[PDB]
Amino acid sequence: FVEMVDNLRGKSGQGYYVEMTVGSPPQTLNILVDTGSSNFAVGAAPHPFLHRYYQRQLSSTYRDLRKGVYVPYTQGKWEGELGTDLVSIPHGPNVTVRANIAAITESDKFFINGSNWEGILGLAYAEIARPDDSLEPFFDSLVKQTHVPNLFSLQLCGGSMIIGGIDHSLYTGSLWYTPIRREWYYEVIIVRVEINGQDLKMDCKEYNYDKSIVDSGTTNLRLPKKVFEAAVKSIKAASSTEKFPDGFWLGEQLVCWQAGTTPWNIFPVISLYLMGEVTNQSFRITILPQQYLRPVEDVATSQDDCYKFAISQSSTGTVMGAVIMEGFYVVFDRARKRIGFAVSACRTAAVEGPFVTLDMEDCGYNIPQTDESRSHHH
Ligand SMILES: CCCc1scc(-c2cn[nH]c2)c1C[C@H](NC1=NC(C)(C)Cc2cc(Cl)ccc21)C(=O)O
Ligand SMILES: [Zn+2]
Ligand SMILES: [Zn+2]
Ligand SMILES: [Zn+2]
């Protein structure tokens, strides 16, 4: 993984992309890494915000699956035609595979203004792939076609998606693993939450309601409604020397200080304790104010340092987004159904354990089984 270090570009606001070479003759495109989804989908027509798109008509190796796919999000959507093509990864391992690829032909609110990426690489499992779980995800094709070890890691600074390996130059200190609770999203278990060493003291199921996932495709740390409210009440108590407007706590508004006077100082650390591999252990990742107060420097208040609060409310569980992954080298150890975290080599954000609980309760939440998911065979 000499040749693989530093193969990523981007930032939390706009995302992290990897280079991918699709078809013969080759088209090299910038692809958003997304651990919250399972489709390889590329922009495939002109669009105001796209610098490059996939031109199926220049690819001699493209095969139409003669099926469309419709992907709605709360916020927008994308759709296109399913196909397959040859894929290799310029920085990645020296292999070529034939993968599913959705040619995005229409979308709404998916591509963002000068993102520098043209496509999405869904790295979660086939259980959440569209249109259904028989469309094999990219990484599943990679591993089955090539003997690449079944693991990848993300160092989110530039940055590095390391394929099939762990690289020790990328982190310092302990690598701590938390078990994958279920292979669909990269679902994990949060056993405890502290804000400035103070335990939030909720039933630990409330932290994983209805799931907790590790998602490179979302910007914020997202927290279930009740957890969000309790954290904001607490973070608020800790910085009560500054009274912000509501819109700031809603993520709707910047607050500012005279350039270089920010009182980081009054903002607390957030520790999430992740379930350990050993069954009464846990470990914690500690989030700095700098990870959750994101700088945005707009225009006419050029002289101030200004920030967005990057913790937001959720009704679909906890999402450990990019602002959280950034401080860490994260190892998606698929082969062993675990996720590893260590301090990135790119206060300090900390990975710390072990913490032992004598009576450790089950913190996972079982989602009500709909007749729909019960019907389908697997
Ligand atoms: C760390 C990368 C975060 C990114 S990259 C592009 C966007 C985006 C926002 N609106 N449209 C795209 C975002 C923000 C992100 N939203 C989204 N992330 C991806 C691109 C993975 C899927 C998606 C589809 C749609 Cl249709 C709208 C937003 C998003 C979020 O909700 O936090
Ligand atoms: Zn490159
Ligand atoms: Zn059957
Ligand atoms: Zn299935």
Side-chain angles (χ1 to χ4, degrees), residues 1-11 14-23 25-40 42 50-52 54 65 67 69-71 82 86-97 99-100 102 114-144 148 150 152-165 167 169-170 180-187 211 213 216 334 337 346 366-378:
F1 328 127
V2 55
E3 92 296 55
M4 244 168 265
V5 186
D6 308 37
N7 66 354
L8 291 179
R9 281 186 170 272
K11 190 219 143 203
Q14 318 83 40
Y16 287 81
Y17 62 95
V18 62
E19 290 150 317
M20 283 176 93
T21 296
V22 180
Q27 294 162 72
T28 284
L29 308 159
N30 300 343
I31 308 294
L32 182 81
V33 183
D34 179 25
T35 65
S37 62
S38 308
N39 283 82
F40 179 36
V42 312
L50 295 185
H51 324 241
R52 291 153 300 270
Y54 175 43
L65 276 158
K67 208 214 286 130
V69 66
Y70 169 67
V71 184
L82 298 171
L86 303 191
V87 187
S88 69
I89 311 228
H91 296 255
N94 196 36
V95 303
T96 295
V97 299
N100 300 128
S115 30
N116 277 122
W117 57 266
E118 274 81 85
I120 197 168
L121 181 55
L123 285 169
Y125 301 90
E127 178 158 3
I128 62 168
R130 314 291 199 256
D132 61 83
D133 49 284
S134 61
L135 201 75
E136 171 178 298
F138 182 79
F139 206 88
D140 303 33
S141 302
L142 185 61
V143 160
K144 295 169 50 215
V148 157
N150 194 9
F152 66 88
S153 75
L154 301 167
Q155 192 225 17
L156 301 190
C157 321
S160 326
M161 180 184 158
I162 311 296
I163 290 106
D167 184 328
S169 67
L170 299 185
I180 293 160
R181 189 191 181 223
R182 185 185 160 188
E183 301 152 299
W184 64 321
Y185 293 106
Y186 288 96
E187 185 182 354
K211 64 186 162 281
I213 74 167
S216 73
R334 291 159 62 97
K337 311 186 46 177
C346 77
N366 303 300
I367 292 184
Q369 215 215 9
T370 52
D371 198 58
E372 184 70 36
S373 10
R374 175 170 50 251
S375 59
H376 283 93
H377 300 163
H378 279 242

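For this chain, numbers begin at 1 and follow the sequence in order. Basis for what follows: all heavy atoms, side chains included, without hydrogens, waters or symmetry-related copies. When a ligand or atom number is given, it counts from 1 through the structure's own listing order.
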Chemist: Please give the atom name: the N, O or S atom of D133 nearest to the Zn ion (ligand 4).
Modeler: OD2
Chemist: Would the number of heavy atoms belonging to other residues, nucleotides or ligands and lying under 6.0 Å from CZ of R9 be above 12?
Modeler: no
Chemist: I'd like the atom name of the N/O/S atom in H378 lying closest to the Zn ion (ligand 4).
Modeler: ND1
Chemist: State, to the nearest 10 degrees, the angle whose vertex is the Zn ion (ligand 2) and whose arms point to NE2 of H91 and OE1 of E19.
Modeler: 100°
Chemist: Has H376 got more than 12 heavy atoms of other residues, nucleotides or ligands less than 6.0 Å from its NE2?
Modeler: no
Chemist: Looking only at N, O or S atoms, find the one in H377 nearest to the Zn ion (ligand 3) and name it.
Modeler: ND1
Chemist: Give the ring-plane orientation class for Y186 versus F152, where under 30° counts as parallel, over 60° as perpendicular and anything between as tilted.
Modeler: perpendicular
Chemist: Please check if the number of heavy atoms outside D132 that lie under 6.0 Å from its CG is greater than 12.
Modeler: yes
